[PDB]
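Since the structure comes first, as structure tokens, the remarks are kept for the end.
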Amino acid sequence: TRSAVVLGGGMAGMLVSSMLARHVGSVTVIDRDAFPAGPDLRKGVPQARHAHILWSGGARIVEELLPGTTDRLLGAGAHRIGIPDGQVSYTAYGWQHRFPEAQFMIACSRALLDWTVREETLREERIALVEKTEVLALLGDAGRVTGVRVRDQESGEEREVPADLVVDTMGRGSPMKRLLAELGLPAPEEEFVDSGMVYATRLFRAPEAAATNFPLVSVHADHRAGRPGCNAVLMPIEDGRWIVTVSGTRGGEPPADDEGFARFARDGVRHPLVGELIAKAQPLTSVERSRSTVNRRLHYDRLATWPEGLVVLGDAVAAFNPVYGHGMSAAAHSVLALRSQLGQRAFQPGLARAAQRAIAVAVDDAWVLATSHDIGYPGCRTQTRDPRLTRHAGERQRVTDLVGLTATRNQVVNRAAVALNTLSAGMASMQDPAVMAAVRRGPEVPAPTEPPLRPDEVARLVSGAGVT
Ligand SMILES: Cc1cc2nc3c(=O)[nH]c(=O)nc-3n(C[C@H](O)[C@H](O)[C@H](O)COP(=O)(O)OP(=O)(O)OC[C@H]3O[C@@H](n4cnc5c(N)ncnc54)[C@H](O)[C@@H]3O)c2cc1C
């Protein structure tokens with residue numbers, strides 16, 4: 001028997017549905033949007049206009065739950081950029097020397113990634129996708145949730161969809177607070193770190209030579225400096241295009257005009273690299289800024305009471321800054337925290353209280369890595385009580401500076417760094433006796449004085465057809 005219901009159809013909803021469908025009978029995915037039968041931009045996912053990094057940890061977790069996604073993505077035009085052999089990033093501590101492949105990423109427009117995860121998840125006959133359907137209230141009481149009360153927007157007919165487990169994958173704009181309040185509970189301990197970052201993405205047609213096999217280029221800010229931090233990223237996607245993304249916090253926001261965007265990429269960031277790489281490229285669209293870039297975590301886990309059958313994961317319990325790129329891996333890791341809680345307790349009481357506390361730990365790494373750098377920015381309003389950001393947050397800032405400073409010129413420290421920053425290990429793995437010893441060993445390669453671009457990569461920026 002057993003029956004689940006997943007609210008939302010995003011990266012979180014599809015993933016958790018592909019894991020639940022192997023643990024229950026029927027999975028009913030509810031959403032209020034129009035899902036397209038073709039990698040097109042959607043209104044429920046407006047982030048799809050800006051590029052989305054899928055780190056290794058989230059990549060091989062999507063692959064585990066959706067076999068055949070990586071190769072299908074890699075066949076539609078997505079690249080498997082290695083790390084740090086396929087990235088030319090100006091870190092806060094210098095240029096990242098391009099060591100051999102330690103971890104990897106998946107670079108593609110979010111519209112494709114959401115599709116390749118959707119059409120692969122919907123291959124199971126038990127998952128029933130229900131589009132254009134608003135959610136009104138949760139069915140049950142304050143001790144057990146039994147389903148949802150939805151209503152179609154095209155017909156207006158109300159109904160009662162019940163299930164043994166209600167999953168909330170309703171993005172950053174999760175009305176969970178409203179749905180829970182009507183159920184009869186208090187408000188969760190809201191915690192947020194608001195740096196005020198302002199995204200600014202604009203597509204770029206890569207040169208004909210650099211359509212395939214081009215490295216993830218980025219110029220990062222110095223979180224130890226007193227200036228408003230501002231980054232700039234140039235990752236390649238499908239169909240031979242380039243996503244150029246600039247960012248900035250409260251005080252150094254990027255402009256809206258197209259003519260000013262090409263300036264911020266080379267006259268606002270700490271190095272004018274990307275601004276030179278976009279002068280080799282054909283602009284397509286305009287600047288489509290997004291301001292919903294504020295780490296916000298709602299600790300449902302520490303509530304005094306929690307109903308049975310209700311689980312919240314994705315961007316509904318913990319959403320983070322997009323300049324670091326952990327949103328998808330935190331959701332993927334959260335799904336595995338529910339799975340690693342469904343095999344122990346089955347469908348017994350305590351599932352919700354144990355799956356929420358497990359989801360709490362799953363995103364804890366994606367919550368420190370995000371906020372630990374944002375707290376040091378100017379005029380950032382933060383409402384947080386965890387001591388790792390208040391007191392003795394200097395030691396947490398004094399060590400991370402050292403690890404990141406050595407990782408630029410030390411393989412062992414780098415291979416252990418991107419195994420954590422790309423959510424592929426734990427924060428305890430950075431206390432390895434062979435990592436603390438490699439930090440004390442010091443740099444092993446000189447700091448590059450120029451962008452560590454390979455000649456066979458820079459030569460891929462011009463067509464060269466105007467010569468005999
Ligand atoms: C600008 C930007 C850039 C980002 N960049 C990155 C990045 O580089 N790397 C990374 O890892 N993460 C990134 N993220 C985060 C990433 O988008 C999210 O972490 C991820 O989408 C989480 O999936 P989700 O299903 O929880 O939310 P979503 O993917 O947003 O899914 C929400 C779903 O719920 C539905 N829904 C919403 N409201 C309702 C409602 N009232 N009723 C019914 N259904 C509803 C929507 O239609 C949608 O299907 C970025 C986010 C933004 C905004």
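Residues in the structure tokens are numbered from 1 in each chain, the chains being A, B, ... in the order shown, and ligands are numbered from 1 in the order shown.
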
For region 160-166 of chain A, find every residue with an atom within 7 Å (counting only C-alpha atoms), except residues of its own chain fewer than 4 positions away, and show them as a VMD selection string. chain A and resid 2 to 6 146 to 150 309 to 311

Could you list the protein, DNA and RNA residues that have any atom within 7 Å of ligand 1, counting only C-alpha atoms and all ligand atoms, and write them as JSON, numbers by chain? {"A": [7, 8, 9, 10, 11, 12, 13, 30, 31, 32, 33, 44, 45, 47, 50, 51, 52, 53, 54, 133, 134, 135, 169, 170, 171, 172, 173, 174, 175, 199, 290, 292, 293, 313, 314, 315, 316, 319, 320, 322, 323, 324, 325, 326, 327, 328, 329, 331]}

Which residues come within 10 Å of residue 274 (chain A), counting only C-alpha atoms, excluding same-chain residues fewer than 5 positions away, as a list in words? residues 217, 218, 219, 232, 233, 234, 244, 245, 246, 262, 264, 265, 266, 269 and 279 of chain A

Residues of region 144-235 of chain A in strand (DSSP E or B), written as number ranges by chain: A: 144-152, 158, 161-162, 165-168, 189-194, 199-205, 216-219, 232-235

Can you pull out the residues contacting region 450-459 of chain A? Cut-off 12 Å, using only C-alpha atoms, and skip same-chain residues under 6 positions away; I want them as number ranges by chain. A: 84-91, 94-99, 207-219, 271-274, 276-277, 280, 408

Quick one: contact table of region 269-381 of chain A to region 393-403 of chain A, 10 Å max, nearest atom pair and distance in Å to one decimal per residue, counting only C-alpha atoms, chain and number order, as a tab-separated table?
```
residue	atom	partner	partner_atom	distance
A:368	CA	A:396	CA	9.9
A:369	CA	A:400	CA	9.7
A:372	CA	A:397	CA	7.2
A:373	CA	A:397	CA	8.1
A:375	CA	A:393	CA	9.5
A:376	CA	A:397	CA	9.1
```

Restricting the output to N, CA and C atoms, write the selected residues as a PDB file, in the first residue's frame.
```pdb
ATOM      1  N   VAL A 368      26.432  26.897   6.325  1.00  0.00           N
ATOM      2  CA  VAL A 368      27.613  27.578   6.847  1.00  0.00           C
ATOM      3  C   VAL A 368      28.443  28.162   5.711  1.00  0.00           C
ATOM      4  N   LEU A 369      28.732  27.351   4.686  1.00  0.00           N
ATOM      5  CA  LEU A 369      29.525  27.817   3.551  1.00  0.00           C
ATOM      6  C   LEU A 369      28.929  29.071   2.924  1.00  0.00           C
ATOM      7  N   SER A 372      28.983  31.989   6.049  1.00  0.00           N
ATOM      8  CA  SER A 372      30.293  32.281   6.632  1.00  0.00           C
ATOM      9  C   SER A 372      31.048  33.344   5.844  1.00  0.00           C
ATOM     10  N   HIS A 373      30.766  33.475   4.549  1.00  0.00           N
ATOM     11  CA  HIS A 373      31.377  34.525   3.746  1.00  0.00           C
ATOM     12  C   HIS A 373      30.513  35.776   3.679  1.00  0.00           C
ATOM     13  N   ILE A 375      28.517  37.088   6.003  1.00  0.00           N
ATOM     14  CA  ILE A 375      28.444  37.866   7.239  1.00  0.00           C
ATOM     15  C   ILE A 375      29.446  39.013   7.236  1.00  0.00           C
ATOM     16  N   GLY A 376      30.596  38.828   6.592  1.00  0.00           N
ATOM     17  CA  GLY A 376      31.640  39.830   6.564  1.00  0.00           C
ATOM     18  C   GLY A 376      31.435  40.973   5.599  1.00  0.00           C
TER      19      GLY A 376
END
```

Alpha helix (DSSP H) positions in region 216-342 of chain A, given as a compact mmCIF listing (two decimals) with C-alpha atoms, in the first residue's frame:
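Done, and the output landed in out-v9.txt:
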```txt
# COMPACT_ATOMS: atom_id res chain seq x y z
CA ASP A 258 22.83 46.54 -21.38
CA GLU A 259 25.66 49.03 -21.97
CA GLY A 260 26.53 49.14 -18.26
CA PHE A 261 26.53 45.38 -17.75
CA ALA A 262 29.55 44.97 -20.05
CA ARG A 263 31.27 47.57 -17.83
CA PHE A 264 30.57 45.96 -14.45
CA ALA A 265 32.05 42.70 -15.76
CA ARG A 266 35.39 44.46 -16.40
CA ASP A 267 35.21 47.67 -14.33
CA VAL A 274 35.15 38.14 -18.16
CA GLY A 275 34.73 41.63 -19.61
CA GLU A 276 37.41 40.75 -22.16
CA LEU A 277 35.89 37.32 -22.81
CA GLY A 327 20.80 25.06 -3.91
CA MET A 328 20.51 21.93 -6.05
CA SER A 329 23.01 19.86 -4.07
CA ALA A 330 21.36 20.77 -0.75
CA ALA A 331 18.01 19.62 -2.15
CA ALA A 332 19.56 16.43 -3.54
CA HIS A 333 21.29 15.74 -0.22
CA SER A 334 17.99 16.44 1.55
CA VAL A 335 16.21 13.79 -0.54
CA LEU A 336 18.83 11.24 0.53
CA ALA A 337 18.22 12.33 4.14
CA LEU A 338 14.55 11.39 3.75
CA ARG A 339 15.51 8.09 2.10
CA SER A 340 18.04 7.38 4.89
CA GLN A 341 15.11 7.93 7.23
CA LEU A 342 12.48 5.88 5.35
```

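When CA of residue 377 (chain A) is paired with CA of residue 317 (chain A), their separation reads 24.0 Å.
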